[PDB]
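Chemist: Let me start by giving you these chains from the complex, positioned as in the assembled structure:
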Amino acid sequence: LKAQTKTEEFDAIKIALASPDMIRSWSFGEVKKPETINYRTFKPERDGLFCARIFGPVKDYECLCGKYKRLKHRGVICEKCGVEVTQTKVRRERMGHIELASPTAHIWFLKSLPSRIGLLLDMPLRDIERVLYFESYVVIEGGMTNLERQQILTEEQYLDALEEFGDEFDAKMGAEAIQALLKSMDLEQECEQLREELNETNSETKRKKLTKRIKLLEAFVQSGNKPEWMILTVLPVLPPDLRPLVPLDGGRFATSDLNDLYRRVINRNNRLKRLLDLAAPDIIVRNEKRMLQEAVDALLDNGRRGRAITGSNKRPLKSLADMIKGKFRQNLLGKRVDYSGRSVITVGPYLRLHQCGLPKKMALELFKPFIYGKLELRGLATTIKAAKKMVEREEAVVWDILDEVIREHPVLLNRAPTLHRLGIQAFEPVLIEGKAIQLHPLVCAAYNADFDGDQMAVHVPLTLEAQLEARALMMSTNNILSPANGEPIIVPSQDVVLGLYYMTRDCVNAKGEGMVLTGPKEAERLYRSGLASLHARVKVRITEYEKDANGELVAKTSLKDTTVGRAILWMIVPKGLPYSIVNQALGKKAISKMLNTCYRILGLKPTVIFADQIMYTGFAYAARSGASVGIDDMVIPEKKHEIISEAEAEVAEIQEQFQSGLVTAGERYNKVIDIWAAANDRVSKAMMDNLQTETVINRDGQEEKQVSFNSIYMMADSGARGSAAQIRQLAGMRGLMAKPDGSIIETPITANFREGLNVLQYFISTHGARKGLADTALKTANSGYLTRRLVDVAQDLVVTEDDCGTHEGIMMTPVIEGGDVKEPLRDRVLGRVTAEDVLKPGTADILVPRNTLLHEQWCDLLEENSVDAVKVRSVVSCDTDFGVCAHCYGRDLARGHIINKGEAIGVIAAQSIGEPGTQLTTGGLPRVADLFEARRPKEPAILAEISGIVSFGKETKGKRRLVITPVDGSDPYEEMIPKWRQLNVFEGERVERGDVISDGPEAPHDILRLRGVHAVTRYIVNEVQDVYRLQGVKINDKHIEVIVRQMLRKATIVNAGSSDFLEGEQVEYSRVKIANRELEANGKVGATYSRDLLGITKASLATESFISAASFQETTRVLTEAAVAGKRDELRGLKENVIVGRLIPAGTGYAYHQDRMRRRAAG
């Protein structure tokens, strides 16, 4: 079988140097003239940068001269002026060339940070450049004489040198010389000579530098490249259309800057071809050459020189390199999109959560071609041109059509910062009059949408795959659980929770007090008709269920003691739940957990429609309630002014003491600030005691008091809005503010918002406010950088294998942060899968048998016993190379089951972590980066480098050496510690490797090195979570672990047999290859390694795909460094596959990539 020739479908991509002969391969004619277009007949001048002869016809399937204009003639190259007649398209495809007179240095390989032509010859830059500007001569193949092969001579020196040995020694200068040097260089030869030198002379200064070169050369050998190539004979020209000369209005033209450049190269090149035939003196033809060497470089990468400015325009012209770069990092906004639109969003409580409110006017335009299609499908339109006219006419017929084409056809809604995957969600469209989008209220949470005028965009899933993807993955209803922490993200929001709370809440005595009812049905009949108060204490008959059988529903009836409200509500609740869940007061918390359990017990569908019922209902009764807010709602404690004057007298006290010198000045500042900070806590807990319960009401007897029904309390107690924090600024005094300084002011704002603030008090209120806005604006820019860092280090990571079959894992315990249980065990371990079976307190008792996915029942069977710590599989431990086995991950999803093969978790990990990032304030958000960046701390601790007994030797030469002494082993470890930092180590005591040998923070690096992979991995996860969880943010460890996994992708070698000894490389490759010697060729040996902690920013920097690399790293450098080596990208990763516009190798594409990936390296 013959492989192929023409256009098949590629995988992989190669980059390399181009031959002059190769560059000629591409051209369809040498551009010979700086002419563009004619100036009157704006036709293109042959043969100059824009040409038909060389590139293509200016108009479709039409000869230039016009002889042949008929579409029948295609492969015809017209006789007058050489023009094959084809699409004008080819003027965007066909390249051209220029032959250079004298050789020319390619600015990339000359000036890309570490000069390639430089270090390839092992020749300094300032020398090579000198040879180029004709400042000095350099020998080449210096022969048996006096002179080194790469030695440089001066005018006068070269002269004299010549008098001696005429021939048999050779010197040149300028590009031709370098080109000479490179040509002659034998890489194969230099490879053998450099190998001798390595083994002969033993030096770290000598054989360290020695090794790095010889690996680089045989790279270049094996590359495919030839060194000469870096010096240009032939220069390709970009198809015109990409540097077009198009006309504008009022008749002026506009053009790409390349033309200024290109023209200049062409010109100077020509004027030089000229100078050679005029036999001009060397001083000029030299000068010219230099100008050509420049004019090229301004063309290729302007800026590695003086930066030629564009014509008449001060601004410098865009060179090819600056054409590639695009946009700190990079950023890369790009790709506008058809079938898309947007407008302001509004509410729609009437929506089912699986849909959304889309304007007639939008939908008409969006689905337009679809309509054209359904229109002439049924025959209402004779033809498409009619359909166009029909919908243009907005004929009434169409709307009945549009509803068809609309129906089962999801659309995508996406809002501004797309942060977690829930930033895009798919809904089923419901037609709307108005130019607003109607967005279901429960989703508004995920979107971080307010309705203060936020706008969202829409997108039509065109292709069938896209519809089904939108329906089975991106649909609203599939994401009701957060992927960051499996708690419901689709929890009732604010209006709706006040509603359920006010509904399921009770007062002391009201209509209906104490009667008894058949069931909720007549509870509502009771209320609607004004007989009972919504909240009145009542015994009613209710029927709960519990499916506690083996997947089977048990029914139970009882006279539960409840309220009219909670009764009514039981009408919503599905089947297998307890009446207990609705019997409380139902705050925003309880109301969410409710939802959660519903999911975890009855499955998806039932939660979905449950959640809907809750909104509708919550809204409904929210409405009935007539809750409101007036001035009188915000009640000042009657004691306030008193409290102030008391704490106010206290300052007058600490003053008397200061004026009297009893107390010092600074002493006093912190003292006063405390008594105020204190008074404030008094006034705080004052109003709240009054506010909270002081609705006092009477039942039959005398008196009783209960939690308030005051408008404003209900808001906070429920959790609908407000926090005791904010409240405290309404009624009680508002805080102490601090000046721009950071120095918190010693006379707090004693007045509140219900009162006025005065002139000074407001003005002080200003700073914190202004810093407030400012700060959060930046902690925006910071979160954003972070999340990008993370995806950049993660991304390509996907669930690949099913079970990597490791018994290995990390040990999960509750956090116990000094006090009590800052985080529980049930939380850490839920949804994770067990390393090894867990036993009771007594044993031979397998409660959970090795790896069982620890779901909710299980966590309770665990919690039933006192189970105190569980080992769990974590991504960081997973034996799988190049991915993550489903088992070691966990289950998590917005779906509750275990993670499926192919889900692209690195991303969602990144996302999940960085999204909430906005809410952070050592400590704070930067404190996170510091961790993920693996940044070593300023003033570190140091650890026992090895176990055994220690002692001090030598003395105070800036460092008093510490000498550790092992029991069995060799003694030789002595590290020299600064004696001007306080020790903790006991000087005659034995120390475990990884003990505290001074105090202070430690670098994660030590923890890794000295204490272990699981140690550091635990260091990171807990210390970072220390930050987020202080802030009330929930992120399942799974995520932090995937990042940690990526942090230690790399390792360094220590044994021998097949690899490079000192090299840093991916453990993946080792793990595979020491396994590829352990039963393979020779033991050889080997090799032992060392896991290395990389900061994410540094890890990410190493990536196999060079295309991926040009995305985020610096593009010029990436390409050069990669191009010389003749490097092949085989895609495989995500970024790059998008870049190149093919199926993502994860998710749906995973299936495809796999099926193809095997067809490769096959038969």
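Modeler: Okay, I see it. Residues are numbered from 1 along each chain as shown, chains lettered A, B, ... in the order given.

Chemist: Tell me which residues of stretch A:327-337 come out buried.
Modeler: Going by neighbour count (16 or more other Cβ atoms under 10 Å), nothing in stretch A:327-337 comes out as buried. The way it works is simple: take the backbone N, C-alpha and C, and place the C-beta from them, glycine included.

Chemist: before we move on, what about stretch A:268-277?
Modeler: For stretch A:268-277, the neighbour count (16+ other Cβ under 10 Å) marks A:268-270, A:272, A:275 as buried.

Chemist: Residues in contact with it: which ones?
Modeler: Contacts to stretch A:268-277, defined as Cβ atoms under 8 Å, 6 or more residues apart in numbering, come from residues A:32, A:34, A:98, A:100-102, A:284-285, A:288-289, A:291-292, A:295.

Chemist: all helices of the stretch 1-150 of chain A, in order?
Modeler: A:20-26, A:107-111, A:116-121, A:125-132 (DSSP state H, counting those that start in this stretch).

Chemist: Only alpha carbons, please: show stretch A:1017-1025 as CSV.
Modeler: Extracted in CSV, the C-alpha atoms of stretch A:1017-1025 (Å, rounded to 0.1, in the frame of the first residue of the first chain):
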residue,chain,number,x,y,z
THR,A,1017,2.0,17.4,50.0
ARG,A,1018,0.4,17.6,53.4
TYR,A,1019,2.3,20.7,54.1
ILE,A,1020,1.0,22.4,51.1
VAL,A,1021,-2.6,21.3,51.3
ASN,A,1022,-3.0,22.3,55.0
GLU,A,1023,-1.2,25.5,54.9
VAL,A,1024,-3.0,26.8,51.9
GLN,A,1025,-6.4,25.7,53.2
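
Chemist: tell me the contacts of residue A:73?
Modeler: A:63, A:85.

Chemist: The spatially closest residue to residue A:263 that is not a sequence neighbour: neighbour count?
Modeler: Distance criterion Cβ to Cβ, 6 or more residues apart in numbering; nearest residue to residue A:263, sequence neighbours excluded, is residue A:34 at 4.5 Å. Per other Cβ atoms under 10 Å, the neighbour tally for residue A:34 reads 17.

Chemist: how far away is residue A:130 from residue A:138?
Modeler: Per Cβ to Cβ, to the nearest Å, residue A:130 is found 8 Å from residue A:138.

Chemist: slot chain B in:
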Amino acid sequence: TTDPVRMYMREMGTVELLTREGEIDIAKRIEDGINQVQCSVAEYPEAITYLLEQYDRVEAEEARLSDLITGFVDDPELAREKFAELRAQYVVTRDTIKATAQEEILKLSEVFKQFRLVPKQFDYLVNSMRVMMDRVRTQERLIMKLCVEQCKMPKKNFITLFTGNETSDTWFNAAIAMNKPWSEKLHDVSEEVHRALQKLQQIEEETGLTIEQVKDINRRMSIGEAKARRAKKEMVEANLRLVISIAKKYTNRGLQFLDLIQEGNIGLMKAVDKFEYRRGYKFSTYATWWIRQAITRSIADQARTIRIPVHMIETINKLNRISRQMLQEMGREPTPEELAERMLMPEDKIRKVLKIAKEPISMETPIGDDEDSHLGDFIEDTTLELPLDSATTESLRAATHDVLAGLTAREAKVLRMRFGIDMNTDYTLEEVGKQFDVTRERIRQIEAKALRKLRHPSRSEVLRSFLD
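Modeler: Okay, here's chain B dropped in alongside the others:
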């Protein structure tokens, strides 16, 4: 510091300025140089007869007088006689080779030296000379390699009987019998060296000169040639500074500084070619013309992305001037039809002129916000044909196809024929008539009824909708 002005500035900063006299030192050496070859060319037999053969082409009408000579030392009539004089001295010198010929071959060249040739032709001769020396050098090297490298013979004794001859067999077959270590060796290649000796002694026939003389001439010429360039080069180098002083004037005109001085440096190279010190005109002020010529001739030429004719450029300059007298003169600025009057020409051409006179614009011109929206980002593609349209087209085909099949097979062939429909070209109605054998007015009727048919509905309904 890289920037090629610097390394140029310095490299020519070395070359020292000429004395008032030093201009003549070099001026003289040039004349010597040329004159040397002018005399070296005169001495060539084929160079004479060629100018003869070439003039016989000019009176028989196969060339022109402007194409051969550039005038002499001193009219079509005058030329005819000067040529007889030349033809005359040739025919005498020709038959005289019986010695005293020397006295006359010296004169033949004299008349020949009066002739100022077209530079093109001048070189051709020079060319035909060195080409013939290459042919001599070809046969000289074939005889040496076939002897020294192949048949193992010393070049030390190879050159002993060679000098004075290298044509006859006094070296080839008579020095093989000297019974030297290299003597009996020379017989194996005897067929290859003596058979190629055809072109070598034949050159003494074409050129009419022994291999002896042939080398001497264009050798003394080569030296003269080198001699001259050497001095001219030198002359140029002296004045590079001058170019710069001039070029500093024309800077922002749309061409790089160094772009100027290199074109101006070419003006200097020119002026050095056409100059004669014998006119007492200082090389200084005579050179400033040729440079300032080439600067401008270049500028006007190539500093535009859209190149415009020279008059056009000059037409423009006048215009910026006229608005100057009249800018402040008219309180504001003169109307578009005002300068129109000042100018000599149609005066509406002002609009026409003024429009092509604009330079194109950087597509990568930043537009508002300074933001990365750039001009080119707004330039829409007009060559494209949008999909509602590509759609209707895939469709018009469909309709015309169906509408014509629902017709009569002859009315289809008749219609597909009159129009370009799924056929190359369309056919003249007569062209159509002959194709069916039943013709003329007839086919035109078949046609009209077919249209007539497709005209009302059942049929009409669909096609109509394509009309907007």
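
Chemist: same question on the neighbour count of residue A:34, but now with chain B added
Modeler: Neighbour count of residue A:34, defined by other Cβ atoms under 10 Å in any protein chain shown: 23.

Chemist: so where do the helices sit in the stretch 151-300 of chain B?
Modeler: Using DSSP H, counting those that start in this stretch, the helices of the stretch 151-300 of chain B run over B:190-195, B:197-206, B:211-247, B:257-274, B:283-302.

Chemist: looking at the ones you listed, which is buried most?
Modeler: Ranked by mean neighbour count, those are led by helix B:257-274 with a mean of 23 (mean count of other Cβ atoms under 10 Å in any protein chain shown).

Chemist: which helices and strands does it pack with?
Modeler: Secondary-structure packing of helix B:257-274 (3 or more Cβ pairs under 8 Å, 6 or more residues apart in numbering or on different chains; DSSP states H and E): helix A:258-277, helix A:282-300, helix B:4-13, helix B:211-247, helix B:283-302.

Chemist: In the stretch 201-350 of chain B, which residue sits closest to chain A?
Modeler: Nearest residue of the stretch 201-350 of chain B to chain A: residue B:233, at 4.1 Å (Cβ to the nearest Cβ).

Chemist: Contact partners for that residue?
Modeler: For residue B:233, the contacting residues are A:279-281, by Cβ atoms under 8 Å, 6 or more residues apart in numbering or on different chains.

Chemist: just residue B:174 next, same as before
Modeler: Residue B:174 makes no contacts at all, as judged by Cβ under 8 Å, 6+ apart.

Chemist: What distance do you get for it to residue B:161?
Modeler: Distance, residue B:174 to residue B:161, by Cβ to Cβ: 8 Å.

Chemist: So which of the helices of the stretch 151-300 of chain B is nearest residue A:928?
Modeler: If you check each of the helices of the stretch 151-300 of chain B against residue A:928 by Cβ to Cβ, helix B:257-274 wins as the nearest, at 54.5 Å.

Chemist: show me what contacts residue 283?
Modeler: Because you didn't say which chain, this covers chain A. Counting by Cβ under 8 Å, 6+ apart, residue A:283 makes contact with B:11-12, B:15, B:237, B:240.

Chemist: oops, I was thinking of chain B
Modeler: Residue B:283 touches B:23, B:27, B:235, B:239, B:271, B:275, B:277, counting by Cβ under 8 Å, 6+ apart.

Chemist: Identify the farthest-apart pair in those residues.
Modeler: Spanning the widest gap among these are B:239 and B:277, at 14.1 Å by Cβ to Cβ.
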